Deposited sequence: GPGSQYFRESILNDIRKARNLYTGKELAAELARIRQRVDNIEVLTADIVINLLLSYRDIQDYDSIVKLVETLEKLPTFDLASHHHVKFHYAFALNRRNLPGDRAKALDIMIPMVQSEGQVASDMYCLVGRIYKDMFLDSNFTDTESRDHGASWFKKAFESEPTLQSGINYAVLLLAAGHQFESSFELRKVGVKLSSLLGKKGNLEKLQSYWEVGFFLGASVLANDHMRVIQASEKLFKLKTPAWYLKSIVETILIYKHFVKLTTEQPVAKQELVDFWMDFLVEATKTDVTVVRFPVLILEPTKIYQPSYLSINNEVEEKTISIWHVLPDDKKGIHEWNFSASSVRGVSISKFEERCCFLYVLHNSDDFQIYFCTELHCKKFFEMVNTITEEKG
């Protein structure tokens, strides 16, 4: 019965994403909410499955019900408390972040980097979410990431520490000191081609951003795209980059750095509101080509505009403008839900267009069906 629930959660996380996953978890919950004894293995894998669709409200409500269930000892389950605080911090209703800190700070005060870094992230988020006015939260966040960094140096704590020093007005060391240590950690990790886990690539990206290393940023951003990085994770990297970009005081590849920053920030949006989409056109060479696309309110006939950002090969055609009557149609890829096929007249090939999220692709699909109907 336990094993059945566990096996079905794992199968659920593999088969489904989005709404389809939420349906499956609610089906599994009926069983979970009637189980003879509710163990921590079930709880943990439930919380991971809800995190896959950023359902922080379900995580909080489940963990609160375990706190009242007298025979579950929440205090003893530090990883469950970690995920609870994580969810409270992302949900951020009145008092959520206060409660997260009241959970996390006593757990820390041997403590692992992730625990120090979550507390640091709560402060970081308070700082960002205050429109950069909460300078006390900034300084508290810096101190927590600093402790992590000195206790167990990692790129994650190091980049977050540096970014908050940058926001505090750091011509300076710790800042160049954190910089030296970041460079030897990057040395330890080795070439980007051998880093396969999304979490290694994400922290490589961040330190590459801090280093102002353009080619690595572009390379690591693309790798983060190909790896189907979870939204929960990309969120935290993006937050770090937004703070960096706000506070840091052309290079011929600036255009591709701007594209990738725009792509990865757009990828954390759940409400799609954009005049234009940063996209990757998959070429028959099997290279993803950074591009922009827009659906234009043009007089007489609506149009689709598509253009390459900084193509390596500057020769040939890198811009298209299609009138509504020029479009045969659109089809979402049967294999890649981020991808929409666009079919146009007098073009024997197609455009295989890859968006930053599934929803962005679906919006494009719907808008093109509207102009062709």
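Map the modelled residues onto the deposited sequence and report the uncovered stretches in sequence order.
The deposited sequence has unmodelled segments at 1-6, 116-118, 180-182, 262-266, 391-393.
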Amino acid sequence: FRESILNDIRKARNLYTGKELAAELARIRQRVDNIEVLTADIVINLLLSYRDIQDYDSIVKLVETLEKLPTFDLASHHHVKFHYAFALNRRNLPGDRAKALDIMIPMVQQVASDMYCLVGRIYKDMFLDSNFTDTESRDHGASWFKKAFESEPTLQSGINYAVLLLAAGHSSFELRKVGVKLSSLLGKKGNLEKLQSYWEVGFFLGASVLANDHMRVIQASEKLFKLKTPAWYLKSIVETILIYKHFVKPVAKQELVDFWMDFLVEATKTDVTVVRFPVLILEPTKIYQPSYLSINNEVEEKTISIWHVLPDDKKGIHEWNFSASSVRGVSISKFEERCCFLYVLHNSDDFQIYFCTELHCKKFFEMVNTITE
From here on, numbers count along this sequence of modelled residues.
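Mean C-alpha temperature factor, higher of 280-288 and 86-94
Looking at the recorded C-alpha B-factors, 280-288 comes out higher on average.
Using the B-factors recorded in the PDB entry, average over the C-alpha atoms of 234-242 and of 180-188, then report which stretch comes out higher.
Averaged over C-alpha atoms, the B-factors run higher in 180-188.
Which is it among 135, 297, 268, 171: the one with the largest CA B-factor in the entry?
That would be 171.
Can you tell me which of 200, 139, 73, 262 has the highest Cα temperature factor in the record?
The C-alpha B-factor peaks, among 200, 139, 73, 262, at 73.
Where the record places residue 153 (Cα B-factor, split into thirds across the chain)
Middle third of the chain for residue 153's C-alpha B-factor.
Please rank the C-alpha B-factors of the chain's modelled residues and tell me whether residue 146 sits in the lowest, middle or highest third.
Within its chain, residue 146 is a middle-third residue by C-alpha B-factor, going by the deposited values.
Split the chain's modelled residues into thirds by Cα B-factor; is residue 61 in the lowest, middle or highest one?
Its C-alpha B-factor, which the entry lists for residue 61, ranks in the middle third among residues of this chain.
Ordered by C-alpha B-factor within the chain, which third holds residue 258? Give me lowest, middle or highest, please.
For residue 258, whose C-alpha B-factor we compare with every modelled residue in the chain, the answer is the middle third.
Going by the recorded CA B-factors, say which third of the chain residue 274 sits in, lowest, middle or highest.
It falls in the top third of the chain.
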